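We number each residue from 1, following the sequence as shown. Every heavy atom of this structure was used, including side-chain atoms; hydrogens, water molecules and symmetry mates were not.
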Amino acid sequence: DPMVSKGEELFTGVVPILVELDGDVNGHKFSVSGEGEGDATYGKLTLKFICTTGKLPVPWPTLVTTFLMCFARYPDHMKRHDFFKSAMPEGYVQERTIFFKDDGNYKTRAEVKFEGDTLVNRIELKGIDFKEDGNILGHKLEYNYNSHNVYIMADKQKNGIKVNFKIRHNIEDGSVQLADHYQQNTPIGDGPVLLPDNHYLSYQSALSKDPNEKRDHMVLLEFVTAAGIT
(Lines give C-alpha, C1' and ligand atoms only; values in the text may rest on other atoms or scores of the structure.)
Protein backbone atom coordinates (compact mmCIF):
# COMPACT_ATOMS: atom_id res chain seq x y z
CA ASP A 1 0.00 0.00 0.00
CA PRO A 2 1.73 3.21 -1.30
CA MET A 3 0.02 5.31 1.37
CA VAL A 4 1.19 3.07 4.22
CA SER A 5 4.71 2.96 2.78
CA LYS A 6 4.69 6.77 2.74
CA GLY A 7 4.19 7.50 6.43
CA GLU A 8 5.97 4.30 7.31
CA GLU A 9 8.99 5.55 5.39
CA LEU A 10 9.11 8.76 7.45
CA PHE A 11 9.16 6.80 10.72
CA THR A 12 11.53 3.93 9.81
CA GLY A 13 14.37 5.01 12.07
CA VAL A 14 14.83 6.96 15.26
CA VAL A 15 13.27 10.41 14.92
CA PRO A 16 14.38 13.42 17.00
CA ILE A 17 11.54 15.22 18.76
CA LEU A 18 11.12 18.80 19.87
CA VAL A 19 8.33 19.85 22.23
CA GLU A 20 7.27 23.42 23.09
CA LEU A 21 4.40 24.37 25.38
CA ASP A 22 2.94 27.67 26.55
CA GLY A 23 0.39 27.43 29.30
CA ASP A 24 -1.67 29.47 31.68
CA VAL A 25 -3.51 27.93 34.61
CA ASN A 26 -5.43 30.12 37.07
CA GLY A 27 -3.37 33.16 36.19
CA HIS A 28 -0.02 31.34 36.34
CA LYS A 29 1.85 31.53 33.05
CA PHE A 30 4.63 29.06 32.26
CA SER A 31 6.60 27.50 29.41
CA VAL A 32 8.10 24.07 28.90
CA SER A 33 10.58 22.70 26.34
CA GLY A 34 11.22 19.05 25.68
CA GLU A 35 13.53 16.95 23.55
CA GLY A 36 13.95 13.28 22.86
CA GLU A 37 13.44 10.70 20.17
CA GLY A 38 10.85 8.23 19.00
CA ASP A 39 11.08 4.84 17.36
CA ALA A 40 7.74 3.84 15.84
CA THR A 41 9.06 0.41 14.87
CA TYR A 42 8.95 -0.45 18.60
CA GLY A 43 6.36 2.12 19.70
CA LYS A 44 8.90 3.73 22.00
CA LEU A 45 9.41 7.38 23.00
CA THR A 46 11.88 8.98 25.38
CA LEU A 47 11.67 12.62 26.35
CA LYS A 48 12.98 15.11 28.86
CA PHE A 49 10.91 18.20 29.69
CA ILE A 50 12.13 21.38 31.35
CA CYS A 51 10.09 24.25 32.75
CA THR A 52 11.91 27.33 31.53
CA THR A 53 9.94 29.94 33.50
CA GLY A 54 10.80 28.51 36.90
CA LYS A 55 8.66 26.14 38.94
CA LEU A 56 5.80 24.29 37.25
CA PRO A 57 2.51 25.58 38.73
CA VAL A 58 0.82 22.20 38.21
CA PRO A 59 1.92 18.59 38.83
CA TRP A 60 4.01 17.08 36.02
CA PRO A 61 1.77 13.99 35.79
CA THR A 62 -1.15 16.19 34.64
CA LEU A 63 0.77 17.11 31.50
CA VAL A 64 1.81 13.63 30.40
CA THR A 65 -1.03 13.10 27.92
CA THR A 66 -0.50 16.62 26.50
CA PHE A 67 3.26 16.26 25.99
CA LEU A 68 2.77 11.91 19.99
CA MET A 69 0.45 9.19 18.74
CA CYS A 70 2.30 9.09 15.42
CA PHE A 71 5.00 7.03 17.19
CA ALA A 72 2.60 4.22 18.03
CA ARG A 73 3.50 0.77 16.74
CA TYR A 74 0.80 -0.46 14.41
CA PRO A 75 0.77 -4.23 13.75
CA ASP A 76 1.23 -4.99 10.04
CA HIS A 77 -2.41 -6.00 9.60
CA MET A 78 -3.56 -2.68 11.07
CA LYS A 79 -1.29 -0.31 9.12
CA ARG A 80 -4.09 0.91 6.87
CA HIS A 81 -5.66 2.33 10.05
CA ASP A 82 -2.72 4.55 11.05
CA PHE A 83 -4.23 8.03 10.66
CA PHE A 84 -1.38 9.71 12.54
CA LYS A 85 1.43 8.77 10.17
CA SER A 86 -0.67 9.22 6.99
CA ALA A 87 -1.10 12.92 7.82
CA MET A 88 2.69 13.44 7.77
CA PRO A 89 4.79 15.35 6.96
CA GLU A 90 2.28 18.22 6.75
CA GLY A 91 0.97 17.16 10.14
CA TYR A 92 -2.24 17.37 12.09
CA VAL A 93 -3.86 19.46 14.78
CA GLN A 94 -4.60 17.76 18.07
CA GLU A 95 -7.27 19.39 20.20
CA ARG A 96 -8.43 18.37 23.64
CA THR A 97 -10.54 19.32 26.58
CA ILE A 98 -9.43 17.48 29.71
CA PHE A 99 -11.93 17.42 32.55
CA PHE A 100 -10.57 16.86 36.04
CA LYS A 101 -13.46 15.46 38.10
CA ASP A 102 -14.60 17.86 40.85
CA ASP A 103 -12.03 20.35 39.62
CA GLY A 104 -10.91 22.44 36.66
CA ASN A 105 -10.25 21.56 33.06
CA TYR A 106 -7.50 21.99 30.49
CA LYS A 107 -8.08 23.17 26.95
CA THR A 108 -5.20 22.33 24.65
CA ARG A 109 -4.34 22.87 21.04
CA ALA A 110 -1.31 21.30 19.43
CA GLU A 111 0.26 21.20 16.01
CA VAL A 112 2.31 18.11 15.22
CA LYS A 113 4.46 18.23 12.10
CA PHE A 114 7.90 17.86 10.61
CA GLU A 115 10.37 20.75 10.48
CA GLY A 116 13.27 19.35 8.54
CA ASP A 117 14.02 15.91 10.03
CA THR A 118 12.69 16.94 13.46
CA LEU A 119 9.18 16.06 14.65
CA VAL A 120 7.77 19.15 16.40
CA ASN A 121 4.88 19.35 18.86
CA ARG A 122 3.89 22.98 19.55
CA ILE A 123 1.26 23.25 22.26
CA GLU A 124 -0.91 25.95 23.81
CA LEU A 125 -2.65 25.14 27.09
CA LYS A 126 -5.35 26.97 29.03
CA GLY A 127 -6.43 25.78 32.47
CA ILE A 128 -9.58 27.19 34.06
CA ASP A 129 -11.75 26.74 37.15
CA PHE A 130 -9.18 24.91 39.27
CA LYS A 131 -9.69 24.81 43.04
CA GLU A 132 -6.97 26.44 45.14
CA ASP A 133 -6.81 23.41 47.42
CA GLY A 134 -7.91 20.74 44.94
CA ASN A 135 -5.56 17.89 44.01
CA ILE A 136 -4.01 19.78 41.11
CA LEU A 137 -3.16 23.26 42.44
CA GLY A 138 -2.57 21.60 45.81
CA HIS A 139 0.09 19.30 44.32
CA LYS A 140 -1.36 16.12 45.83
CA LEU A 141 -0.66 13.77 42.91
CA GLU A 142 1.99 11.09 43.18
CA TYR A 143 4.88 11.09 40.72
CA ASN A 144 3.84 7.97 38.84
CA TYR A 145 1.54 6.84 36.05
CA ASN A 146 -0.81 3.94 35.24
CA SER A 147 -1.44 2.02 32.03
CA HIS A 148 -4.42 3.08 29.91
CA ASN A 149 -6.22 2.38 26.65
CA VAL A 150 -7.07 5.13 24.16
CA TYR A 151 -10.13 4.53 21.99
CA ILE A 152 -10.05 5.79 18.46
CA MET A 153 -12.81 6.20 15.93
CA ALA A 154 -13.19 7.95 12.61
CA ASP A 155 -14.97 11.27 12.27
CA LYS A 156 -15.57 11.25 8.51
CA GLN A 157 -17.49 14.50 8.85
CA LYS A 158 -14.22 16.27 9.66
CA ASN A 159 -11.95 13.96 7.68
CA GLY A 160 -10.25 13.26 11.00
CA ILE A 161 -10.61 11.28 14.18
CA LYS A 162 -12.22 11.52 17.57
CA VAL A 163 -10.54 10.15 20.63
CA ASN A 164 -11.82 9.53 24.11
CA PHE A 165 -10.44 8.01 27.32
CA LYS A 166 -10.16 8.42 31.08
CA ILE A 167 -6.93 8.80 33.04
CA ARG A 168 -6.60 7.80 36.69
CA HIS A 169 -4.04 9.84 38.64
CA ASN A 170 -2.96 8.37 41.98
CA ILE A 171 -3.37 10.75 44.90
CA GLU A 172 -1.02 10.67 47.89
CA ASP A 173 -3.79 9.44 50.22
CA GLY A 174 -4.34 6.28 48.18
CA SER A 175 -7.34 7.70 46.34
CA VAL A 176 -7.49 8.60 42.64
CA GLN A 177 -8.21 11.73 40.59
CA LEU A 178 -10.07 11.16 37.33
CA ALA A 179 -9.30 13.09 34.14
CA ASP A 180 -11.79 12.67 31.26
CA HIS A 181 -10.16 13.30 27.88
CA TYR A 182 -12.07 14.39 24.79
CA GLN A 183 -9.87 14.66 21.73
CA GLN A 184 -10.09 15.60 18.10
CA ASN A 185 -7.43 15.33 15.36
CA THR A 186 -7.64 16.88 11.90
CA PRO A 187 -5.04 17.04 9.13
CA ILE A 188 -3.19 20.24 8.33
CA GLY A 189 -2.62 19.47 4.67
CA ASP A 190 -5.22 19.14 1.96
CA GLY A 191 -3.86 15.70 1.12
CA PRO A 192 -5.67 12.38 1.69
CA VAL A 193 -5.47 10.58 5.05
CA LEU A 194 -6.32 7.11 6.27
CA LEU A 195 -9.60 7.01 8.22
CA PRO A 196 -9.52 4.06 10.63
CA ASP A 197 -12.00 1.52 11.84
CA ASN A 198 -12.62 1.53 15.58
CA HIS A 199 -9.55 0.51 17.54
CA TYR A 200 -7.40 1.49 20.47
CA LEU A 201 -3.86 2.19 21.62
CA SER A 202 -2.34 0.75 24.81
CA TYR A 203 -0.04 3.09 26.66
CA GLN A 204 2.57 2.27 29.27
CA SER A 205 4.35 5.24 30.82
CA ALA A 206 7.17 5.63 33.33
CA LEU A 207 8.21 8.91 34.95
CA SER A 208 11.67 9.65 36.30
CA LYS A 209 14.07 12.43 37.21
CA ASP A 210 17.55 13.42 36.07
CA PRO A 211 19.71 13.39 39.23
CA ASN A 212 21.97 16.03 37.62
CA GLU A 213 19.22 18.50 36.66
CA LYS A 214 18.59 21.46 39.00
CA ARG A 215 15.74 22.86 36.93
CA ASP A 216 12.15 21.66 37.49
CA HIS A 217 11.76 18.83 34.98
CA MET A 218 10.42 15.39 34.12
CA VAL A 219 11.79 12.42 32.23
CA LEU A 220 9.17 10.45 30.34
CA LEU A 221 9.28 7.03 28.73
CA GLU A 222 6.28 5.73 26.78
CA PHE A 223 5.42 2.50 25.01
CA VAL A 224 2.48 2.65 22.62
CA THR A 225 0.96 -0.21 20.64
CA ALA A 226 -2.14 -0.29 18.46
CA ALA A 227 -4.68 -3.09 18.94
CA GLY A 228 -8.33 -4.09 18.88
CA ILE A 229 -8.46 -5.66 15.42
CA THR A 230 -7.83 -9.40 15.07
Side-chain angles (χ1 to χ4, degrees), residues 17-34 47-69 84 91-113 120-146 148-153 155 157-158 160-188 201 203 205 207 215-218 220 222:
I17 302 168
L18 186 59
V19 183
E20 307 286 353
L21 178 151
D22 291 317
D24 165 15
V25 173
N26 276 44
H28 299 295
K29 292 179 183 183
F30 60 100
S31 298
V32 175
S33 291
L47 299 147
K48 175 178 170 177
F49 300 97
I50 290 160
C51 181
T52 60
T53 43
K55 180 169 186 164
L56 191 66
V58 296
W60 282 103
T62 69
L63 300 176
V64 168
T65 54
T66 298
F67 293 142
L68 302 168
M69 296 182 171
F84 309 103
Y92 56 76
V93 173
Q94 177 160 301
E95 282 179 290
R96 285 206 184 108
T97 294
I98 303 172
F99 299 94
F100 294 82
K101 198 72 178 313
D102 302 308
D103 210 328
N105 63 58
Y106 289 158
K107 296 177 191 186
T108 67
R109 179 190 168 87
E111 266 178 39
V112 183
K113 66 182 176 189
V120 174
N121 184 15
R122 301 191 189 191
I123 313 162
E124 305 173 70
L125 176 162
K126 243 49 151 287
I128 59 172
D129 256 294
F130 281 92
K131 298 179 183 178
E132 297 305 307
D133 34 60
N135 293 308
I136 290 73
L137 293 179
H139 284 284
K140 302 195 181 176
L141 301 189
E142 311 193 323
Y143 194 69
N144 52 39
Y145 217 84
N146 301 306
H148 300 87
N149 287 161
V150 179
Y151 300 99
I152 297 177
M153 61 186 74
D155 189 329
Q157 317 170 187
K158 301 196 175 187
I161 63 174
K162 300 178 303 179
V163 181
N164 158 283
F165 58 102
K166 293 186 185 66
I167 290 300
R168 298 174 183 63
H169 294 293
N170 293 352
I171 303 177
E172 72 195 312
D173 66 355
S175 184
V176 302
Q177 166 69 71
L178 303 175
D180 276 80
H181 289 59
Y182 286 78
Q183 178 184 325
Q184 203 160 49
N185 295 65
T186 42
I188 281 165
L201 302 174
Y203 270 82
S205 313
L207 317 184
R215 297 167 293 181
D216 198 6
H217 69 293
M218 165 179 75
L220 173 72
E222 294 192 323

Nearest-0.5 Å distance that lies between atom [atom1] in [X] and atom [atom2] in [Y]:
X      : Y      : atom1 : atom2 : value
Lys166 : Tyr182 : NZ    : OH    : 6.0 Å
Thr62  : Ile167 : OG1   : CD1   : 11.5 Å
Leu56  : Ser31  : CG    : OG    : 10.5 Å
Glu95  : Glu111 : CD    : CD    : 10.5 Å
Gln184 : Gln94  : CD    : CD    : 11.0 Å
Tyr92  : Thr186 : OH    : OG1   : 11.0 Å

Flag, side chain of [X] to backbone of [Y], donor-acceptor distance under 3.5 Å:
X      : Y      : answer
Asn121 : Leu68  : no
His217 : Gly34  : no
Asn164 : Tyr151 : no

Donor-acceptor pairs under 3.5 Å, side chain of residues 125-135 to any protein atom, not counting sequence neighbours: which ones?
{"residue": "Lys131", "atom": "NZ", "partner": "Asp102", "partner atom": "O", "Å": "3.0"}
{"residue": "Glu132", "atom": "OE2", "partner": "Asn26", "partner atom": "ND2", "Å": "3.3"}
{"residue": "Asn135", "atom": "ND2", "partner": "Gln177", "partner atom": "OE1", "Å": "3.1"}

With [X], which residues qualify under side chain to side chain donor-acceptor pair (under 3.5 Å), at least two apart?
X      : result
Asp24  : none
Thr65  : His181
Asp216 : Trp60
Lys48  : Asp210, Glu213

Heavy-atom distance under 4.5 Å between the side chains of [X] and [Y], does that happen here?
X      : Y      : answer
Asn144 : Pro61  : no
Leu137 : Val25  : yes
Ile123 : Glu20  : no
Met69  : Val150 : yes

- List the steps, then state whether side chain to side chain contact (heavy atoms under 4.5 Å, CB included) holds for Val64 with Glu222. CA-CA 10 Å; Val64 168; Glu222 294 192 323; 3.9 Å; yes
- Measure across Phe165 and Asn149 and return the closest heavy-atom pair with its distance rounded to 0.1 Å. CB-O, 3.5 Å
- Message: Restricting to non-hydrogen atoms, name the atom on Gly91 and the atom on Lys113 that form the minimum distance, rounded to 0.1 Å.
- Response: CA-CB, 4.0 Å
- Partners meeting salt bridge (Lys or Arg N to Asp or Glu O under 4.0 Å) with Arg122 (sequence neighbours left out): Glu115
- Verdict with reasoning, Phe84 to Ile152, per side chain to side chain contact (heavy atoms under 4.5 Å, CB included): CA-CA 11 Å; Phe84 309 103; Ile152 297 177; 3.6 Å; yes
- Query: So among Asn170, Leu207, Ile171, which one has a side-chain contact (heavy atoms from CB on, under 4.5 Å) with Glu142?
  - Reply: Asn170
- Item | Working for side chain to side chain contact (heavy atoms under 4.5 Å, CB included), residues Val32 and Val19 | CA-CA 8 Å; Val32 175; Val19 183; over 6 Å; no
